[PDB]
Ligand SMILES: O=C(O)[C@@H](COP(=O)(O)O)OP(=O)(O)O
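A lone chain, given as structure tokens: the form solved without the ligand.
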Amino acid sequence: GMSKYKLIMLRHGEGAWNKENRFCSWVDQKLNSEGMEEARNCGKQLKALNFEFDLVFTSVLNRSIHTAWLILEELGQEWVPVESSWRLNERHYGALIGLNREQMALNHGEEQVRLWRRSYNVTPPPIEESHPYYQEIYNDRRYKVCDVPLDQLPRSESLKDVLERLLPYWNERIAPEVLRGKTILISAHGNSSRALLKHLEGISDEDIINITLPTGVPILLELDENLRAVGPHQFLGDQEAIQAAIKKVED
């Protein structure tokens, strides 16, 4: 249980939809100017702390990939290998994708909606072919060359479901590289970062809902010989800026 490995994880800056209380989810929206600035800020902060990455993991959503590219550019580490997987994707919010709070409550019921947003293990209704964002997701050829067939990919996910499709990628692909002594960057999303932290820190089903995950802030994990967190995750950089980022993700 002694600190042996260091891992950096971060989440991209959130977009217009997030201000309108809409879930982007698997919709492949680009960074906005604020998102691009947050990625550059992360890169400059990681450079100030002399981080030297050996491997980067991202989702297949371009906002996670652009975040990594901008960080590697700020570090002068563009040669560092990048691997992308649907298993680091944001939570699939199913039928709720693109709806604000009001619209969700009207369509599905006020009770069901609380669970879907705030619970650990309640799965939202699956996205159906009638959904305006269904074709844009499932006709995208990035989902024809995943480690599971197109028709085996989820149509909706609880936070528990996110952890269950992320853990195999951690165990099989990322964890071995950490054990080799490589310094890893994970460019992830709100739910994918929360799911991995739940696993590495042994956070309860009850407590995971409440933890604060600011965007555009490097999250340092110190891991022991079992790849278990030694202490809680640590936010790197200026405490003023971090407190600001924490306020922005407040619910």
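Note that residue numbering begins at 1 and tracks the sequence as displayed. So that the term is clear: the rigid core is the largest set of C-alpha atoms that superpose within 1.5 Å between two forms.
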Report task. Return whichever of 22 to 30 and 184 to 192 has the greater mean Cα B factor according to the PDB record. Result -> 22 to 30
Report summary line: Entry B factor averaged over C-alpha atoms, 236 to 244 against 10 to 18: higher for 236 to 244
Query - Highest recorded Cα temperature factor - choice among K160, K144, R87, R91 - result: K144
Report task. Using the entry's values, work out which of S156, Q77, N171, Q152 has the largest Cα B factor. Result -> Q152
Requested in this report: Please place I211 in the lowest, middle or highest third of its chain by C-alpha B factor as given in the entry.
Outcome: highest
Report summary line: For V148, the third of its chain by CA B-factor is the highest
**Report entry** Chain thirds of CA B-factor: placement of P124
**Finding:** middle
Report summary line: Sorting the chain's modelled residues by C-alpha B-factor and splitting them into thirds places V82 in the lowest
Report summary line: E225: C-alpha B-factor third of its chain, per the entry, is the highest
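The form deposited with the ligand bound exists for this protein as well; it is not shown, and the discussion that follows is about that form.
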Query raised in the report: According to a 4.5 angstroms non-hydrogen atom cut-off, is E157 in contact with the ligand in the entry with it bound?
Result: no
Query raised in the report: Does the 4.5 Å heavy atom contact test between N191 and the ligand in the entry with it bound come out positive?
Result: yes
Requested in this report: Answer for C24 alone: is it within 4.5 Å of the ligand in the entry with it bound, judged on heavy atom distances?
Outcome: yes
Requested in this report: Please run the contact check for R173 against the ligand in the entry with it bound: heavy atoms, 4.5 angstroms, yes or no?
Outcome: no
Query raised in the report: So which stretch, 165 to 173, 71 to 79, 132 to 140, 113 to 121, is the one near the ligand in the entry with it bound (non-hydrogen atoms, 4.5 Å)?
Result: 113 to 121
Query - Any residue of 94 to 110 that, in the entry with it bound, places a heavy atom within 4.5 Å of the ligand - result: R101
**Report entry** Option from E172, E78, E102, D151 moving between this form and the one not shown, CA shift at or above 2 Å, rigid core reference
**Finding:** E102
Report task. Note yes or no: does the Cα of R114 move by 2 Å or more between this form and the one not shown after the core is superposed? Result -> yes
**Report entry** Threshold 2 Å Cα movement between this form and the one not shown at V230, rigid core reference
**Finding:** no
Requested in this report: Examine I8 after superposing the rigid core and state whether its CA is displaced by 2 Å or more between this form and the one not shown.
Outcome: no
**Report entry** Distance direction in the entry with it bound for the C-alpha atoms of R101 and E38, relative to the displayed form (3 angstroms or more)
**Finding:** closer
Query raised in the report: Shorter or longer C-alpha distance for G190 and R114 in the entry with it bound, given it differs from this form by 3 Å or more?
Result: closer
